[PDB]
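Mind the numbering: the sequence shown is residues 3328 to 3375 in the deposited numbering, read in order.
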Amino acid sequence: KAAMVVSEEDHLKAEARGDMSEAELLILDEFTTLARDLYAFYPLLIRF
């Protein structure tokens, strides 16, 4: 998940043309999802 979101972000940033902050909003929702997944699993992972 982290790899995909970061890679789409990098491709977006490379393709600077046109209105991009919309796709950045979509990827920021995806990143909020990803950080939520991290704060769901990584606490148990750290404890383990």
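Where a beta carbon is used, it is the ideal one built from N, C-alpha and C, also for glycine.
Asked: So, using beta-carbon positions, are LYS3328 and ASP3356 closer together than 8 Å?; Found: no
Asked: For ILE3354, which option in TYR3366, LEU3372, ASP3337, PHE3375 has the closest C-alpha, if you only look at C-alpha atoms?; Found: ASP3337
Asked: Identify which residue in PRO3370, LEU3361, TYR3366 has its Cα closest to the Cα of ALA3330.; Found: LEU3361
Asked: How long is the line joining the alpha carbons of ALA3350 and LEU3372, rounded to whole angstroms?; Found: 31 Å
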